[PDB]
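In: Provided hereafter are the protein sequence and its experimental coordinates.
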Amino acid sequence: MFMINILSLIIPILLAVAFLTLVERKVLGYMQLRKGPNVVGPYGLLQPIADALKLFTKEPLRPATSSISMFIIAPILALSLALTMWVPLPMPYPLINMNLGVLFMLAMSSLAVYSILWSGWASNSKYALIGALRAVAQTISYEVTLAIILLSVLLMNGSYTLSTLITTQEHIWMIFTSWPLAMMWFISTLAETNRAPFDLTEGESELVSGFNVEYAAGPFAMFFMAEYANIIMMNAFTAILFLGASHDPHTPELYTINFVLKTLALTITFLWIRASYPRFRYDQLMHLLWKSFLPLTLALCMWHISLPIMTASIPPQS
Amino acid sequence: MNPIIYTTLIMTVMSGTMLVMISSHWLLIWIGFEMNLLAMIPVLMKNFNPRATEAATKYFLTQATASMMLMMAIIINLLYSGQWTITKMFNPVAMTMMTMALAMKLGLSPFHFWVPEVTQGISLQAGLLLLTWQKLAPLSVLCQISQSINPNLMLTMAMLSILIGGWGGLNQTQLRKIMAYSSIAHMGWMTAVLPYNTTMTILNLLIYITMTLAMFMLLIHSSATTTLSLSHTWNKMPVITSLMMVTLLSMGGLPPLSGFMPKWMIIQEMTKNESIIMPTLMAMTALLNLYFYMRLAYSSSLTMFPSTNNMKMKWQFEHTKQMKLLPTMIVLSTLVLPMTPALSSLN
Amino acid sequence: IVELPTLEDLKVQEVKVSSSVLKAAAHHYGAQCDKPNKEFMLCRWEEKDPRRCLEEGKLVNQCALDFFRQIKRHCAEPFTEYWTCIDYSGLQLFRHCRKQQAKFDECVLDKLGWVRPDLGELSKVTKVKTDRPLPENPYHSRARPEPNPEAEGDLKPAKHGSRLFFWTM
Amino acid sequence: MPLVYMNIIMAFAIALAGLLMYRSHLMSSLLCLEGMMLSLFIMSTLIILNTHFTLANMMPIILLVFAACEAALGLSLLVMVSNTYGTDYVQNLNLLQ
Amino acid sequence: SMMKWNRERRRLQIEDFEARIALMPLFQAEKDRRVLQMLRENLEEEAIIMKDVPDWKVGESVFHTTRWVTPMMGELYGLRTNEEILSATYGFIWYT
Amino acid sequence: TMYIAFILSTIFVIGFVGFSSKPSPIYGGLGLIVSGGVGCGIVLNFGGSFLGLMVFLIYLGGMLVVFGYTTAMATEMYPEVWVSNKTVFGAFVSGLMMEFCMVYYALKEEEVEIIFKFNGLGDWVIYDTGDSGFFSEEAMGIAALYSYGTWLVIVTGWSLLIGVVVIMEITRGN
Amino acid sequence: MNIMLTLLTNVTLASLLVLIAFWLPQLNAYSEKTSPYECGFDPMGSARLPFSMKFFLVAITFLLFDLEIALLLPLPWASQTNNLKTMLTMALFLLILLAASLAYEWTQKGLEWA
Amino acid sequence: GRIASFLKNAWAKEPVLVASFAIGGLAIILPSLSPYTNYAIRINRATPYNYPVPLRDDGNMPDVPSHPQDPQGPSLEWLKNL
Amino acid sequence: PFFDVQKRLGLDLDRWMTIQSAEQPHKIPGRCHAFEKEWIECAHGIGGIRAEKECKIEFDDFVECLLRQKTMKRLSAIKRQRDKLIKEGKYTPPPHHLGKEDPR
């Protein structure tokens, strides 16, 4: 019956990305004073399914110039990995007890953007190619610092296994120990997921919906959907990794009741970022990283390498 | 590229070979070549030409595939004996490939085709360094795996290197390509005797390096390149053409000269092994190798090709930036013949 | 052609307590059962062949049986109250329960009367007397082939030296 | 030797023959070379996993490094050749094979 | 705080290592007898199956060596049901 | 059994069949993606999980992306699909028949005559007991790299560093 | 097994969404509707060569850092080795070179990104 | 003297980088100073993934305890007090 | 020129990584440590040449330790033999439900 467990992991999350869309227009609406979607609800609630139906019902043309195979395979990979990254996530009990699933989170995250590269390559359009390319730039440029700071915050939990990361937070929370790395992790999740100030992949006014343009109905729904999969997912990831909680094994549910709060509390923040800052432009986007984030990530890294020895505080896990 | 970086590259090449000459573990040898490569390519790219670029493309492409086959054959060796120490290899299908990989690294024929071309693409500095220092490391490992070599496979490339090192030498004008066929020919003589007795190899190696240092220092001293360009030099600084003659003859191995010492020890060693026919063919072809050294001598010192007028002003201006190491590199590469026995110092 | 023990001669009634229950009390089990135990493993690491030490491998089984027989008549309800607490976690972590261990360890330290070893104690290597010979050559192996002579005298000067070709001296 | 190893070795042989059949723009060759690299990696790691020859668990990753490293270099040369042409192997300045 | 908690967890860890380290030896005994058992049994099944072959020393060690080897867990499951083999080798890795 | 590791080896090899054939670098990049995931899976089956995830991360998550940059610099109009030429497609089929002959040899169950003998049967057979304490062999096995193997760390550091220098001294020249 | 099963269910799920995406609207594709978008007016030419040294000049540096972090990964486990003073220098060492490499790029003006 | 002055300058100019060098070097110089480091390595001597194979008796020796827990082997409660 | 400076200076910086045994972290045994140990103890003053004669048997057993080649050809011969008996013989009932689960 493991299969029904998996299905039980995949349906609720898709429902969550739909209602995530709706919340996005809501909050992001009230920042603007204007109310968000409302009339169709009554509280808007029925909207996202009407939305998705509007999409899938609508004709999804196969472009004349595009090669078709890449053009179809890319969205598939997008939702694929967007969902697959969810499996080893301790809530509290992981669906899979990977010995080193964090590293796996990095693996999925790193194959993610490759789909963007195909998405813009097979699309054949000028905007497609240029936007896709700059997209891959910002992405990788952030995955390096990404993985380093994640390393440095992992020296002290003990090991790459995720469940232990609960155990190592049975009191103080990791964040008080190494918040600056939490900042850089936050922003790196704010760019790797391609979000608000780090907005370039969509391009928007800069490049009229970026790479995603030539995709029409359903595949567009897939990239859109998968994008929100990554946003909520890196949010949850940050939540478990920098914000611990009380956990009685006899009542696991209690913990989850807490956890969705602590993660939702993050996701909303991205939206409340979106309502706040103009995008960086491709120079500065990479400037602040290579010039400014990174060296601190290193100095902090040696520092965190060095605390366990000076403090004689080396974490247990073999 | 400022000297402070250039010197770090060249020193890390020296290190990248020294490492091969030190480590016993195989992985450090493949690391030795691998580090050697990365540090070898950029130095070919100084000055930078539309030509030089594709020169480096050739060199990298062949060295990379060679290093690949080598690592594969190491891994196969490990699979069938679980070792990393150099020693004997324990699986002929692997061993022949380690021989092939090294055969590319020396540039022995029929793998040789890259070497005459690459030499064409770079200045005589980077050229000389390529034809001497790069010849150390792969030989440095062949001496260590002389114990189990499959002599047939070695002598075949060892001969064919001499024939190809001959016939492709009669044909060219511009000197650098000729120096390439000279070296590609001497490597046949080094790698020939290797199965039988490594000390003769290392002797021949020393003579070869001394020789090609003599030549390339001379070509540098006159900045000649194409044969005709060399032809003018007899009037300006007659000595150095009058000295290219000799060093060329020492390439040719006319017997009073030092360059005869290699061949004449080699012929000894192989003759103890019987194998009497092979050195006869080899020594006969070495003649063919000599002949284009002679023709090149005719362009230069023995006869005066017509001078161009513009040369006259150049007579007022002495050459500068003297290269200290040169005179000794001439003299050792010539007069040393009644000092063969000292070869036993190499044990 | 390899020698083997008969299918029967090895046979011994198994310990059949579950692993969680086993672990709950094993911390004492090391403290009490011991001499046969270390005799056993020392016997194993000596000659490597299992068959050689298989008998001691029986003796340890029965020793452990006697250990639990000593257990069940006394502490049990506190004991079950303990390992039931522990088996509930799939990490088998000691930290999750602990308090019951107060019950169990006290009921034993009184009613059957002997102390639990401290955390820094079992790990240390133990001296062990034994009567059976340490094996001649555990690897069996073979002869070590005769080494080449390291013969030497002193160096008189070469008879004519550098005798190769025309050189005289 | 178990058949799987034979299969990976054969993947090497194809990863070489592909490099040497060698055609049109050379970027394909840097690919084929990297594929070759990957086959050697996997063939090594399976072995170090086999015999529990634990120290050598360090090698494959180190192997990977330099190998990837040279390939990382290789693209740069391609750039230069791409810089003057828009790459193709079909165009070579040098004479005498 | 991280120092305190981390050290303490190191203590409960090392104590857990004493726990396992106390459990170990009899497991060694069990795996021992079980191995020799399976080896005997499979050897007997060899005596039945290969007996038809005119020329077949039965159970011969491939080695010259007298010494025990601890068999590769391939021959040890030379005839077992496929499910038992799935339990045998991949069973850890495929386990969650 | 499942022979799953072996069939993964087969998909691996055809991954190199479509890859070693040379039909625009981008599709070859796909070829190394497929062969990449298949690779990490295969090495995962012996449980050297950390390494399989190195390659699944460091290689495919690194390389083939930068190749997804070279093609932006190379491309040329009308890149060829595998089907787009007789020699390319001919080559792909040329790989398929050979590897299929190998699988047929696996059906033969006889030791392979090619090059050198392949002992045959299932992969599982070579496995031995993996018994250990609360640590995988791999973990401390690679952890050894720092404390117990400083020399390699030195030469790798030096090498990568001066490799960056080389990239400089090539690109700056223009 | 476990993981392969979830991979299969995910990919089959997505592929199912694709098939219900195409074989459903059931309407009229035709030329010019299917022509590539170019903000109205037709393209001046199919996508070619957006060449830039400023791509690889940094992207290669990405690749050579990613190889480095690949060596950083063993660290958490290496931290528990019996002899840290033998280790610790190296733990710092690579990071220095990482930084050093960057530093060298930092000021040879090789890091113009963009 | 004056060299201190351009720290005010750099701190005015590139603070990020300044903090970076600060902790980045301090993390290297500091560790040798800390006494706990000697304990730190010591802890990892204490924990035994591998089994402690017993040694045969051979005339006293005698610091090796012959178990049960003879007070002859290493003390470890020093660690317990931490 | 196998300079062996690492030996003369005693640095040993390379030597450790060599060989199946030779001290490994947490003293984890090689899978084929024993045949290897014997085979190397056989190998010293004999040096290289005579060593490929006299120590051949040891290296052989070490080979089979590495590849398990011969035991696989045998085991394959048995399993292929069993098919011939598959109709003539029913093999063993317990494999299916014997005391092997009682066995621990």
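Out: Good, I have the coordinates. Residues are numbered from 1 along each chain as shown, chains lettered A, B, ... in the order given.
In: chain center to whichever strand or helix holds residue B:328: distance?
Out: Assigned by DSSP states H and E, residue B:328 belongs to helix B:326-332. Taking C-alpha atoms, centre = their mean, to the nearest Å, the mean C-alpha location of helix B:326-332 is offset from the chain mean by 18 Å.
In: other SSEs contacting that helix?
Out: Applying 3 or more C-beta pairs under 8 Å, 6 or more residues apart in numbering or on different chains; DSSP states H and E, we find helix B:326-332 packed against helix B:198-222, helix B:238-252. The C-beta positions use only the backbone N, C-alpha and C, and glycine is treated the same way.
In: the shortest one: which residues count as buried?
Out: Spelled out, that is helix B:238-252. Residues of helix B:238-252 classed as buried under the neighbour-count rule (16 or more other C-beta atoms under 10 Å in any protein chain shown) are B:240, B:241, B:243, B:244, B:245, B:246, B:247, B:248, B:249, B:250, B:251, B:252.
In: kindly reformat the residues you listed as CSV containing distance to chain C.
Out: CSV is the format used below for the buried residues of helix B:238-252 (distance: C-beta to the nearest C-beta, whole Å):
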residue, distance to chain C
B:240, 34
B:241, 34
B:243, 29
B:244, 30
B:245, 28
B:246, 24
B:247, 25
B:248, 26
B:249, 22
B:250, 20
B:251, 23
B:252, 21
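In: check contacts around the residue nearest in space to the middle of chain C.
Out: Nearest residue to the geometric centre of chain C (C-alpha atoms, centre = their mean): residue C:41, 3.5 Å. Shown in contact with residue C:41 (C-beta atoms under 8 Å, 6 or more residues apart in numbering or on different chains): E:25, E:28, H:51, H:53, H:54.
In: how much space between it and chain F?
Out: 15 Å (C-beta to the nearest C-beta, to the nearest Å).
In: distance from the helix or strand where that residue lies to the middle of the chain?
Out: Assigning secondary structure by DSSP H and E places residue C:41 in helix C:35-46. Between the centre of helix C:35-46 and the centre of its chain there are 6 Å (C-alpha atoms, centre = their mean).
In: now the element after that helix, going C-ward?
Out: Heading C-terminal from helix C:35-46 (DSSP H and E), you reach helix C:50-72.
In: helices or strands next to that next one in the packing?
Out: helix C:19-32, helix C:35-46, helix E:2-49.
In: could you export these as CSV, including distance to residue B:36?
Out: Putting these into CSV (distance: least, C-beta to C-beta, whole Å) gives the following:
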stretch, distance to residue B:36
helix C:19-32, 56
helix C:35-46, 47
helix E:2-49, 45
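In: show me the helices in chain I, by range?
Out: I:5-8, I:33-42, I:51-54, I:56-67, I:69-85, I:94-97 (DSSP state H).
In: between those helices, which one is nearest to residue B:174?
Out: helix I:5-8 (41.6 Å; C-beta to C-beta).
In: distance check, the residue in the stretch 51-200 of chain B that chain C sits nearest to against chain H.
Out: Distance from chain C to each residue of the stretch 51-200 of chain B (C-beta to the nearest C-beta) is smallest for residue B:200, at 11.9 Å. Distance check for residue B:200 against chain H: by C-beta to the nearest C-beta, it reads 53 Å.
In: picking up where we left off before, including distance to chain I and neighbour count, could the contacts of residue C:41 go into JSON lines?
Out: Putting the contacts of residue C:41 into JSON lines (distance: C-beta to the nearest C-beta, whole Å; neighbours: other C-beta atoms under 10 Å in any protein chain shown) gives the following:
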{"residue": "E:25", "distance to chain I": "15", "neighbour count": "23"}
{"residue": "E:28", "distance to chain I": "13", "neighbour count": "18"}
{"residue": "H:51", "distance to chain I": "10", "neighbour count": "16"}
{"residue": "H:53", "distance to chain I": "10", "neighbour count": "14"}
{"residue": "H:54", "distance to chain I": "15", "neighbour count": "23"}
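In: residue A:38: what secondary structure?
Out: coil (DSSP: H, G, I helix; E, B strand; the rest coil).
In: can you list the residues of chain B near chain F?
Out: B:1, B:5, B:8-9, B:12, B:19, B:28, B:31, B:34-35, B:38-39, B:41-42, B:45, B:48, B:91, B:93 (C-beta under 8 Å from any C-beta of the partner chain).
In: again, 6 Å this time
Out: Contact residues, chain B versus chain F (C-beta under 6 Å from any C-beta of the partner chain): B:1, B:12, B:31, B:35, B:38, B:42, B:45, B:48, B:93.
In: tell me the contacts of the first one?
Out: In other words, residue B:1. residue F:169 (C-beta atoms under 6 Å, 6 or more residues apart in numbering or on different chains).
In: hang on, the earlier thing: out of the helices and strands packed on helix C:50-72, which comes closest to residue B:284?
Out: Judged by C-beta to C-beta, the one of the helices and strands packed on helix C:50-72 that comes nearest to residue B:284 is helix E:2-49, at 66.5 Å.
In: what about that closest one, near chain F?
Out: No: Helix E:2-49 stays out of contact with chain F when judged by C-beta under 6 Å from any C-beta, the minimum separation being 7.0 Å.
In: which positions in chain F make contact with chain H?
Out: F:133, F:135.
In: returning to that earlier point: of all the helices of chain I, which one is nearest residue A:132?
Out: helix I:56-67 (48.9 Å).
In: pull out the buried positions in the closest one.
Out: Those would be I:58, I:59, I:60, I:61, I:62, I:63, I:64, I:65, I:66, I:67, for helix I:56-67 by 16+ other C-beta under 10 Å.
In: so which elements touch that helix?
Out: Counting contacts by 3 or more C-beta pairs under 6 Å, 6 or more residues apart in numbering or on different chains; DSSP states H and E, helix I:56-67 packs against helix I:33-42.
In: let's see that with 10 Å instead.
Out: helix B:50-79, helix D:27-50, helix I:33-42, helix I:69-85 (3 or more C-beta pairs under 10 Å, 6 or more residues apart in numbering or on different chains; DSSP states H and E).
In: what packs against the last one?
Out: Helix I:69-85 sits against helix E:2-49, helix I:56-67, with contacts defined as 3+ C-beta pairs under 10 Å, 6+ apart.
In: how about those helices, which one is nearest residue B:85?
Out: Evaluated with C-beta to C-beta, these place helix I:56-67 nearest to residue B:85, the distance being 13.7 Å.
In: and the residue of chain F nearest chain H?
Out: Counting by C-beta to the nearest C-beta, chain F gets nearest to chain H through residue F:133 (4.2 Å).
In: over to chain D?
Out: residue D:54 (12.8 Å).
In: and the gap between that residue and residue D:85?
Out: For residue D:54, the distance to residue D:85 (C-beta to C-beta, to the nearest Å) stands at 49 Å.
In: more neighbours, these two?
Out: Shown here are residue D:54 and residue D:85; by other C-beta atoms under 10 Å in any protein chain shown, residue D:54 has more neighbours (24 against 13).
In: help me confirm that the residue of the stretch 51-200 of chain B closest to chain C comes into contact with residue B:271.
Out: No: with contact defined as C-beta atoms under 10 Å, residue B:200 does not count as touching residue B:271 (11.7 Å).
In: neighbour count winner among these two?
Out: The residue with more neighbours, out of residue B:200 and residue B:271, is residue B:200; 23 against 14, by other C-beta under 10 Å.
In: residue B:158 versus the more buried one, what's the distance?
Out: 13 Å.
In: check contacts around whichever residue of chain F sits closest to chain C.
Out: Proximity to chain C, evaluated over chain F using C-beta to the nearest C-beta, is greatest for residue F:134 at 11.3 Å. When contacts are counted by C-beta atoms under 10 Å, 6 or more residues apart in numbering or on different chains, residue F:134 touches A:317, A:318, E:13, E:16, E:17, E:20, H:49.
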